[PDB]
Each structure stands twice: as structure tokens, then as C-alpha cells.
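First, one chain by itself: the form deposited in one PDB entry, in C-alpha cells.
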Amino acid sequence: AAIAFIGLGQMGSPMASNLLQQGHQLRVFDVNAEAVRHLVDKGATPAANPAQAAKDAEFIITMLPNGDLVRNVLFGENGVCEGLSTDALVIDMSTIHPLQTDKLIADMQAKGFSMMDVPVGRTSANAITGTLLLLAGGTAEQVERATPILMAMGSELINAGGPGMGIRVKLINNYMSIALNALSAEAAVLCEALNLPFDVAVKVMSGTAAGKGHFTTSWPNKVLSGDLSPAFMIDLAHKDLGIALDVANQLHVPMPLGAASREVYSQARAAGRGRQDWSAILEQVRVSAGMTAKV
């Protein structure tokens, strides 16, 4: 296929290189002339600006640091829009703010142009080998059309279920993993302060929600089924967390996420949830966010 690729950085350059290896014709643009020359050496055609890159391209891929730069590349001076066909598909593979994604897609649709969000998971090492995780936003039609192109850059495609849903599922995944790392560290350092070998804690946690998560263990048959009858009461969870913070404070292991979590359980007790299943914390957070109670 005829592809424009705009943004030839640590991720963009290996992604564009993989597309060339699968026999696509690339017109490439980057403000860094050296990044263009390295792709021309691999078989790309250089463009002077995004509009030139987009002329007669079927797919236009952006891989840029932020939503302001995506907006400039699409709508700015000699932007993609000036060279773009109504039949072409823009694929933004950038990780940007989800509401910026929505406004870019809407602003494109208003001019008769098609744009989808396919941000990626995993590292620049995965970008090189073509083993990225593709979190495919866009319509069902756009995902079907883009799939052959996307599978040149990644090894696994998740259909996120609509325009702007790729950037949203990347955000939820990364929020959870990045914050989980900080909590994981508190548990591991408290373990070391107690002179418990870490392997013993990992062995036990691998068989509980501690190591498997709540999403598929504690939650499905309780809160997610509308049943808050207790397996593990909020009062007992609150008590055990109190003991963990008493130990941490005695042993000078700072546990900011633990301390914050206990005040969430305290709010749940204040709201009358003490004798509910611990999965009711999901309902407490939904109500705290101004959502309508489901149970």
C-alpha cells in the first residue's frame, strides 16, 4: 500500500522500517532531516512537509510526542489535510490525551476525513522487532481496513471497540500498571523490613487477589453480580490494613498508597458498608465519582 509516515523517532523510525520490509511504499516526513535520510536509505521517499507526504497516500500514520504536535501536523501550515484524499485513512499511533484524540477525530470528520486511534504498548525494542501491542480504536470498518498495515508493526491487535477507545484502554491499562508498581514496592519493602524472604510472599500472593488481581477473582461473583453479601467484610479488611500500617510505621517503611487506601476503607465504613464484601469498594468509588449506585 501507499503510506505516509510522519514522526520518525525512537518508535516511529522502526515502525516505518517494518512497513518498508513488508513491501509498502512510504513517503516520510520528520522535522529532523537526519531521521528522514535514515528512512530514505531503507527505501522511503522523502517529503518536505506533511501535505506532500499525504498526497496519494492510502494510509497516513502519525507517531508524535503529544496531541498539540498531532494537531499541527494534521491542521497546521502544509498539514496532512492539504494533501489528504476523502478515501484515505489517518492512523494516529501517538499516546495523547483521550479528549484531544476525540476532538482531532471530530475535527477531521467535519472536513470529510477519516481518522482512527491506534496507540501501542511495549517498548522501542518491540517496535524494532514488530512485536508491539496494537490497541486499535476506530470503527469496525477502519480496524478491518487497517489490520494488514498494523500487523507489520505489532504481533497482537486488540479491538478496543470504537473511535477513541484505543487511547482510552491504553490509558486505563497504563494507569493501573504504573500505580500498581508503587503499591507492589510498598508490600515488597514491608516484606524485607519483616525479614520474610520475598519468594515466600510471591508464592502465597500468586494464589490470591494480591498476585492475581481482583478484576477476575474477588469481583465477578460479588460486586459485578450485584451481590455485596460478605466473603471478606470491609470491617476486617480495614482492621488488617491498620495492622500493616502500624507495622510499617514502627519499622519506618513509608507506605503512602497503603495509608491512602485505609482512608478509602474508612469512607466506606462511614457510608455504612462495614459488613459488606470488600468488592463493595468498587461501588464506594463509583458513588464518590458522582455515579448512580448499582447495588
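Residue numbers here begin at 1 and follow the sequence given. Only the largest set of C-alpha atoms that superpose within 1.5 Å between the two forms is called the rigid core.
Undergrad: On mean Cα temperature factor in this entry, is 253 to 261 or 52 to 60 the higher one?
TA: Mean CA B-factor is higher for 52 to 60.
Undergrad: If you take the mean CA temperature factor per stretch, which one wins between 241 to 249 and 226 to 234?
TA: On average, C-alpha B-factors are higher across 226 to 234.
Undergrad: By the entry's C-alpha temperature factors, tell me which of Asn174, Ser184, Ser114, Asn195 sits highest.
TA: Within the set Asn174, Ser184, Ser114, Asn195, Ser114 shows the top C-alpha B-factor.
Undergrad: So if I compare the CA B-factors in the entry for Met153, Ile167, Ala106, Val143, which one is the largest?
TA: Largest recorded C-alpha B-factor: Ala106.
Undergrad: Which third, lowest, middle or highest, does the CA B-factor of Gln21 fall in along this chain?
TA: It falls in the top third of the chain.
Undergrad: Rank-wise, by C-alpha B-factor, drop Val40 into the lowest, middle or highest third of its chain.
TA: Answer is highest: the recorded C-alpha B-factor places it there.
Undergrad: Per the entry's values, where does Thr147 land by CA temperature factor relative to the rest of its chain, in the lowest, middle or highest third?
TA: Tercile = lowest for this residue's CA B-factor.
Undergrad: Grab the CA temperature factor for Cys81 from the record and place it in the lowest, middle or highest third of its chain.
TA: Answer is highest: the recorded C-alpha B-factor places it there.
Undergrad: Based on the entry's values, in what third of the chain does the Cα temperature factor of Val118 lie: lowest, middle or highest?
TA: As the PDB entry reports it, the C-alpha B-factor of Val118 lands in the lowest third of its chain.
Note that the form deposited in another entry isn't included here; everything after this is about it.
Undergrad: Identify which of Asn174, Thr123, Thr217, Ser184 has its C-alpha displaced by 2 Å or more between this form and the one not shown once the rigid core is superposed.
TA: The only residue crossing the 2 Å threshold is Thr123.
Undergrad: Superposing on the rigid core, does the Cα of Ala35 end up 2 Å or more away between this form and the one not shown?
TA: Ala35 C-alpha, core-superposed: shift of 2 Å or more.
Undergrad: Any CA movement of 2 Å or more for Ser279 between this form and the one not shown, core superposed?
TA: The answer is no, as the C-alpha of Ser279 shifts between this form and the one not shown by less than 2 Å after core alignment.
Undergrad: Using a superposition on the rigid core, decide whether the Cα position of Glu82 changes by 2 angstroms or more between this form and the one not shown.
TA: Shift of 2 Å or more: yes.
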